[PDB]
Each structure stands twice: as C-alpha cells, then as structure tokens.
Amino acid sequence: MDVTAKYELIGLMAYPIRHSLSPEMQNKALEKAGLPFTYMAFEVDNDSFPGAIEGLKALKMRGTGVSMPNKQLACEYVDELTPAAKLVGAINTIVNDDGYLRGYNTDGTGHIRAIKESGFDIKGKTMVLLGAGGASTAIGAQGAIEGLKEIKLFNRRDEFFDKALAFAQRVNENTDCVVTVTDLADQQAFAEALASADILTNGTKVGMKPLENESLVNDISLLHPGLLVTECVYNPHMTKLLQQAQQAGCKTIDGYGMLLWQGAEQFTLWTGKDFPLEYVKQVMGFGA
C-alpha cells in the first residue's frame, strides 16, 4: 500500500488489540481494490473512548471498528443505531457519514449473510441458539429481524441467563420472531428443540481453545440430516460440534465463514464496495 494525503483513516478501538488481524485483513482488501483508505488499530479503553470518538469526528475518520471493552459503551456515542444493534445493545462497527455517526453490529449481519450465501433461507425457520453473549445476541437479533419464525435460546444458569431473558424480551417486543429461553440443563427440552430446529447455532465459547475437546451436544443422535449447524468458534477451525455435524449429514458453516463475511460487511459499509472475500481468504491463509 502507498499512503498519500488522499487516504482517509478507518480505526479499530479496543484494548488490547496490537495483535489483531483485522488491520492486515482490511488493509489487504483495501489495497486490492486500490481504495484510498487505511485501517489502523488504536489502544482505547472506556476511559479514552470518549476522546477517541471526538477524534473520529474532528479528524474526519471514515469510521472505526470497535471491540472489547468498548462494544457496549460505543452505543452511547453514535447518532443512530440499527434495529438489530438496538436489540443487542452493542456494536463493533461505526460509520462516520460526514459527521453523522451510524452504529452497526456486523457479527450479526455477517453470520446471517454467511447463512444466506450458502443458499439457505432463514425466513420462517427455527434456530436453536446456544449462548447469550455478544456473538449469540448479535446472531439472534439479526436472525429475528431477517425472518426467523422462532428462536429457541439455550443458556446455562450463569451470569448470562438474565441477559438471555431480557434479550428474549426486547426481541419479542420489537419483532415478529418469538424467542424463548431454556436452561441448557433441561436436556429433555433440548433434544426436542433440536428435533424441531432448522438451524443449530453455537455462539458459546464451548469448542474454543483450550477447552476444544467439548461440545454442548451430548450425542450425534440429537441432530438430524438436513439440519444446518453453524459454529462461531473459529479456533480450532474444526470444532467438535462441526465434527459431529458431519457425522450426521448436517450441512455446515464454520467460524471463518462468519469472520470473512463479518469483515466484508464492515468493508462495504466504509467503502460502499464489495469485499474481495476469496482473495482475502487466501491471503490471510484461511483456506487451510
């Protein structure tokens, strides 16, 4: 890349982040399209976040990605939030449209976009959502807003159970999608849920390093063919869940899929251009 006075800046505000891959990925996509943008990472926490936004505006940055621990706080500094973001209550993308700041959660749109790109239609379907954190909430919010008939959220009795309930409330009160929350301990309600589910989505940490050798699904007999299973965990690339999904004839979507489309969604929001997904997938070494 050759940066000149013409280039505008796109940030990523989080902490820690100096070891983030996003900058390399977006800058590779940007250079490929020969666009006058540069994507950079800045160490920002809740204390400096306010001033960083003030910077975003004064310096006229095109926008910035947002990650831990500013995801929720960020909602307070934009001028407008999308419906899905309002349900999630957290954003990972900000777009500065000439001083007017728009907040987005591309984790939700990217996951669903990955689904649709596979030829799958979520309209009127049923999803078994594992989790209630940022990934799950974002997936579910977007999913509801895109047509899901019902979401059967399952979450253990931890610090996320109450968030689940509220999420269920917000979604039910502002969408035509019906959301229910069930304790992941009620193994009976789970099996039946999965049997009636068109999509099984894992938004939990389960399956991710170092606790890779584990899956929230007891036995492969719980899954059925035709069923679509999506994994948020992309580390390992092949979780246990995804491994079982194959041993059941289930179609699937891995973590890299959500990652690339999540990044593609931001790319388009900032440049208005399509994402060179294939190229980026290849250059970042995700194909193997």
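Start at 1 and count along the sequence shown; that's the residue number.
- According to the PDB record, 66-74 carries the higher mean C-alpha B-factor of the two stretches 66-74 and 42-50.
- In this entry, 157-165 shows the higher mean Cα temperature factor of the pair 81-89 and 157-165.
- Comparing the C-alpha B-factors of 263, 55, 34, 225 in the entry, the top value falls on 225.
- Taking the PDB entry at face value, the top CA B factor among 212, 98, 198, 107 belongs to 212.
- The entry lists a Cα temperature factor for residue 230 that places it in the middle third of the chain's modelled residues.
- Ranked by C-alpha B-factor against the other modelled residues of its chain, residue 136 falls in the lowest third.
- When the modelled residues of the chain are ordered by C-alpha B-factor, residue 144 sits in the middle third.
- For residue 102, the recorded CA temperature factor ranks within the lowest third of the chain's modelled residues.
- Residue 61: CA B factor lies in the lowest third for its chain, per the PDB record.
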